[PDB]
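[1] let me see the structure of the following:
(9 chains)
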Amino acid sequence: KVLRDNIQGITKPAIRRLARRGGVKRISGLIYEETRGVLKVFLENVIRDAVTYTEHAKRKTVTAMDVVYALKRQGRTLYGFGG
Amino acid sequence: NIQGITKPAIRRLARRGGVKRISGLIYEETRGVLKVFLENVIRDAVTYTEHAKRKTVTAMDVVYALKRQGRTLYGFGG
Amino acid sequence: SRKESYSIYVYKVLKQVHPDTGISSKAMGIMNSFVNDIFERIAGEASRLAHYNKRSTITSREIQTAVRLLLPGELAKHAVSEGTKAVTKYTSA
Amino acid sequence: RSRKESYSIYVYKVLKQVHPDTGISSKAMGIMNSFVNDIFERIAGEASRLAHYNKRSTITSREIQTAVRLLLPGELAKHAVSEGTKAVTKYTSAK
Amino acid sequence: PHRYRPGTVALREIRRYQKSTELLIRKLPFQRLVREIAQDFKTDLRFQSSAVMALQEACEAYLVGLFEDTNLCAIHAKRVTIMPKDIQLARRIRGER
Amino acid sequence: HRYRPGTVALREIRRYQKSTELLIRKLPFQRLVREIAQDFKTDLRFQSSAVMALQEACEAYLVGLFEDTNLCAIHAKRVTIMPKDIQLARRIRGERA
Amino acid sequence: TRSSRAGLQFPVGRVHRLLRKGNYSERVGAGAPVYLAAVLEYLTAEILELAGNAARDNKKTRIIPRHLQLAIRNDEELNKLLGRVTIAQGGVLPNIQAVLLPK
DNA sequence: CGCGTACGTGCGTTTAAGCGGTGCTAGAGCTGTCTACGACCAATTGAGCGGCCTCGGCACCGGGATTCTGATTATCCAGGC
DNA sequence: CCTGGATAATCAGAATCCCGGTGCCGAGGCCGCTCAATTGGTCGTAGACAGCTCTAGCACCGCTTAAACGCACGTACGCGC
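    Numbering: from 1, shown residues only, chains lettered A, B, ... in the order given. Right below this line is the structure:
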């Protein structure tokens, strides 16, 4: 199955909840698009590293360890998924 | 000493950074920030020198201290 | 397949500091990742200074100055005291 | 007198290959040597991380290749991949 | 009837989502987004569910910290409503491109 | 005659942005470096190129901080930089907690 | 040597020695120093290329650190690579914000 | 201080998030055997860096001479009363 | 005829271009030693790769209802002055 427009699967109340957790009281209407793009700027910076790990391990399945090492490279290390 | 970083020196540092208008407390805040940054880098370099068993702080310890702090400097034996 | 971890050691330390307190699996994974991250950071710092001082070994002094460089002041000082007392009572015994 | 090694004549030769009527100062030469050493340390440490992650004790051309593909930006990494693979094949052909 | 003033429900949601730790983005749309993005880099790739969970945790933490810096910049801009220029200035100070 | 307040500042910006010379004098900064270094270890000597490296790194760091400070001041509807801009820049940068 | 055998100018010997002595792995392959020297050679070629271009733009026959700073910060990918890198005697790019300009 | 309105709020509607019962197989993982490429050691050799010498940029000082706005006073012209 | 703004000059300094010296240099190329790279040869084991097995990722299918969209209303917030 083809995958298209899944960036709009990140709904406006999800970005609202992420803003409420971040302490934002009032959110503009132009936020919910742009932050989504920043999420792409996050995700294309992360998985492109992890696939580069998965291409080196000669694997077709992206594991949790490749995501952990991709977060290790980006200076955004994560506890709870190995490493 | 800390006032040895003069107001025209911080003025020139702001002119290089593109600052048009400078407040009066900017010089003192820049002196404090420079003191904190110099304290961190010189502390790391002193740790390097006291592990190297030397009484002369070299430029290599300064380069390694800047490489530690994520502010890696090119041009002094990197 | 044996998967090595720091589970029983963190369990021993936790029962030493809090006897009526258990840990969850996610928090255990976080603690085990923290131990490996701190181990890798201190070992990489000691390897860096060993490469700097033209020396092919890593002794207690390199780990000591790596702890003094990485950890903040009170934490580094207490870890320095703990490391030195452990090295001395390993040397005597 | 200690015999300190550097990349002076090598970067000088690469400069003469890319710009015959251009020189370089020693203040720029120290920056170029520190740049070569920093890129060397970064790519070698990235190969070390990949070899440690993939439970392999051998750093081959593939480890340096994925280190370059991780560290360098896309067009720069692609051109460095082509240059590296070209030189590896030219080293493999000769003996 | 009853209708709360604007500004109370947002503060209550701030307190609620700062008290809790569960993921605010749903699992399946984010998983579809991750599969779409990774499909644009390499075709025929499988994903562990804990890998997508780690991606969700890291993305949610990064967006919460970005919203924190955005709210701080919007406060420094003499406002209470965040703007995309606040996001842009926070990413410029952070060094993100 | 008389110039407007702010034109000589722009001329100084255009002058110092094209130059590479260090804007802090060597002897007071060297005395400050030595005074800070005596607080960590007594009986220390300093190579001149070490002080030059410290001066170059500190001046570049202060120039980048003044860049982010001017960005914060422009975002705060001002043209004059302020210690609140420095505080917000060091807060988003992660230096100031 | 091995630099002439590979069509490169950078030494395979020095890179292969520093890969072994640098405590990087137990065994170090033979295709790795050729690849690393080629990547270093392309990177210094691009940097020296843009530095020579900046030196010709500044009407100078010798590359100064100002030309190296122009070559690094003017290119997007070279600035992205050397983002946390301070160049001594390099300075900054001439950049004045729009509100700073007079009316 | 005031103006205009954007985004806060609630409810009806609609959409698809989640559940947890089921089949499949593809690829991760364990294993087993052979080998070539990589370390190690020894003699050889030549590219590399110390020394030093010549030259090409090198420099911010200084007081005439060019030039580029800026405050400056004024002046003209078209529109409204 | 009065009056507000646009422009079209106006000289006037502040800054800028240009030439001359005392000044100390520092690039860059040759002489030459020398120790690390080269090369030949031997030991060995990490790993390549074809086998096996086996968890686990993917797809479907459908019960349930929490979650999201959008519309309507409006007040308090962004920004203009």
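[2] pull out the buried positions in the longest helix seen in chain C.
    Secondary structure of chain C read by DSSP state H shows that its longest helix is helix C:25-52. Across helix C:25-52, burial judged by 16 or more other Cβ atoms under 10 Å in any protein chain shown covers C:28-33, C:42, C:45-46, C:48-50. For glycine as for every other residue, the C-beta is placed from the backbone atoms N, C-alpha and C.
[3] point me to the residue of chain C nearest chain G.
    Chain G sits closest to residue C:47 of chain C, with a gap of 6.3 Å, by Cβ to the nearest Cβ.
[4] distance of the residue positioned nearest the centre of chain E relative to residue E:88?
    Of all residues in chain E, the one closest to the mean position by Cα atoms, centre = their mean is residue E:63, 3.3 Å from it. Residue E:63 sits 15 Å away from residue E:88, going by Cβ to Cβ, to the nearest Å.
[5] for residue F:57, see how far away the spatially most central residue of chain C is.
    In chain C, the centroid-proximal residue (Cα atoms, centre = their mean) is residue C:39; its distance is 5.8 Å. Counting by Cβ to Cβ, the gap from residue C:39 to residue F:57 is 30 Å.
[6] same question, residue A:21
    For residue A:21, the distance to residue F:57 - Cβ to Cβ - is 37 Å.
[7] I'd like to know which elements the helix ranked longest in chain E is packed against.
    Identified as the longest helix of chain E according to DSSP H is helix E:49-76. Contact here means 3 or more Cβ pairs under 8 Å, 6 or more residues apart in numbering or on different chains; DSSP states H and E; on that basis helix E:49-76 packs against helix A:12-21, helix A:31-56, helix A:64-73, helix E:27-39, strand E:81-82, helix E:84-94, helix F:48-75, helix F:83-93.
[8] tell me the SS of residue C:16?
    Of the three states, residue C:16 takes helix according to DSSP: H, G, I helix; E, B strand; the rest coil.
[9] interface residues of chain A facing DNA strand H?
    Counting by Cβ under 7 Å from any atom of the strand, the residues of chain A lying close to DNA strand H are A:9, A:26-30, A:58-61, A:63.
[10] distance to residue E:81, neighbour count and secondary structure for the residues you listed - can I get that in JSON lines?
    Listed next are the residues of chain A next to DNA strand H as JSON lines, based on distance: Cβ to Cβ, whole Å; neighbours: other Cβ atoms under 10 Å in any protein chain shown; DSSP: H, G, I helix; E, B strand; the rest coil:
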{"residue": "A:9", "distance to residue E:81": "26", "neighbour count": "17", "secondary structure": "helix"}
{"residue": "A:26", "distance to residue E:81": "4", "neighbour count": "15", "secondary structure": "strand"}
{"residue": "A:27", "distance to residue E:81": "7", "neighbour count": "22", "secondary structure": "strand"}
{"residue": "A:28", "distance to residue E:81": "6", "neighbour count": "17", "secondary structure": "coil"}
{"residue": "A:29", "distance to residue E:81": "10", "neighbour count": "7", "secondary structure": "coil"}
{"residue": "A:30", "distance to residue E:81": "11", "neighbour count": "13", "secondary structure": "coil"}
{"residue": "A:58", "distance to residue E:81": "50", "neighbour count": "7", "secondary structure": "coil"}
{"residue": "A:59", "distance to residue E:81": "46", "neighbour count": "14", "secondary structure": "coil"}
{"residue": "A:60", "distance to residue E:81": "46", "neighbour count": "11", "secondary structure": "coil"}
{"residue": "A:61", "distance to residue E:81": "44", "neighbour count": "12", "secondary structure": "strand"}
{"residue": "A:63", "distance to residue E:81": "42", "neighbour count": "20", "secondary structure": "coil"}
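[11] nearest to chain E among these?
    The closest of the residues of chain A next to DNA strand H, once distances to chain E are taken by Cβ to the nearest Cβ, is residue A:9, at 2.7 Å.
[12] distance of residue C:54 from chain F?
    Here residue C:54 is placed at a distance of 19 Å from chain F (Cβ to the nearest Cβ, to the nearest Å).
[13] got it, and residue G:9?
    Residue G:9 is 29 Å from chain F, by Cβ to the nearest Cβ.
[14] mind listing what that residue touches?
    Counting by Cβ atoms under 8 Å, 6 or more residues apart in numbering or on different chains, residue G:9 makes contact with D:10, D:13-14, D:17, G:3, G:41.
[15] try residue E:41
    Per Cβ under 8 Å, 6+ apart, neighbours of residue E:41: A:44, A:47-48, A:51.
[16] which of those residues are buried, as a ChimeraX select command?
    With 16+ other Cβ under 10 Å as the criterion, this ChimeraX line picks the buried residues out of these:
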select /A:47,48,51
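[17] wait, which of the contacts of residue E:41 is closest to residue E:5?
    Ranked by distance to residue E:5 (Cβ to Cβ), these are led by residue A:44 at 41.0 Å.
[18] in this model residue E:36 seems to touch the closest one, though I could be wrong.
    No: when contacts are counted by Cβ atoms under 8 Å, residue A:44 is not listed as touching residue E:36 (10.8 Å).
[19] quick check: buried residues in stretch G:18-26?
    G:18-19, G:22, G:24-25.
[20] where does chain G come near chain F, residue by residue?
    Those residues of chain G that sit near chain F, judged by Cβ under 8 Å from any Cβ of the partner chain, are G:65-66, G:69, G:86, G:88-97, G:99-102.
[21] buried members of those into PyMOL, please.
    Per 16+ other Cβ under 10 Å, the buried members of the residues of chain G next to chain F correspond to this PyMOL selection:
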select buried, chain G and resi 65+66+69+86+88+89+90+91+92+97+100
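[22] can you tell me which of the residues of chain G next to chain F are in strands?
    residue G:86 (DSSP state E).
[23] the residues of chain G next to chain F: which ones sit near chain B?
    G:65, G:86, G:88-89, G:91-92, G:95-97, G:100.
[24] okay, and which of the residues you listed map to helices?
    Under the assignment DSSP H, those contribute residue G:65 to helices.
[25] leaving out the residues flanking it, which one is nearest to the residue nearest to the centre of chain E?
    Of all residues not flanking residue E:63 in the chain, residue A:18 sits nearest, at 4.8 Å (Cβ to Cβ, 6 or more residues apart in numbering or on different chains).
[26] quick one, what contacts that neighbour?
    Here residue A:18 is in contact with A:35, E:24-25, E:60, E:63-64, E:67 (Cβ under 8 Å, 6+ apart).
[27] so what's the residue count around residue C:11?
    By other Cβ atoms under 10 Å in any protein chain shown, 14 other residues sit near residue C:11.
[28] next one: residue C:26 relative to residue D:8, how far apart?
    54 Å.
[29] do the same with residue E:38
    In terms of Cβ to Cβ, residue E:38 sits 45 Å off from residue D:8.
[30] ok, residue C:27 next?
    Separation of residue C:27 from residue D:8 (Cβ to Cβ): 54 Å.
[31] now do residue E:79
    Taken as Cβ to Cβ, the span from residue E:79 to residue D:8 is 55 Å.
[32] ditto for residue G:84
    26 Å.
[33] equivalent analysis for residue E:83, please.
    52 Å.
[34] now residue E:89
    To residue D:8, residue E:89 is 43 Å away according to Cβ to Cβ.
[35] ok, and the closest non-adjacent residue to the residue nearest the centre of chain A?
    Centroid check for chain A by Cα atoms, centre = their mean gives residue A:43 as the closest residue, at 3.9 Å. Nearest non-adjacent residue to residue A:43, counting by Cβ to Cβ, 6+ apart: residue E:37, 5.1 Å away.
[36] how many residues are close by the one you found?
    If you count neighbours by other Cβ under 10 Å, residue E:37 ends up with 21.
[37] dump the residue contacts of residue C:55.
    Taking Cβ under 8 Å, 6+ apart as the definition, residue C:55 has no contacts.
[38] wait, a helix at it?
    No: counting by three-state DSSP, residue C:55 falls outside a helix, being coil.
[39] residue of chain A closest to DNA strand H, please.
    Here chain A gets closest to DNA strand H at one residue, residue A:29, 2.9 Å apart by Cβ to the nearest atom of the strand.
[40] returning to that earlier point: residue A:1: which of the buried residues of helix C:25-52 is nearest?
    residue C:29 (33.3 Å).
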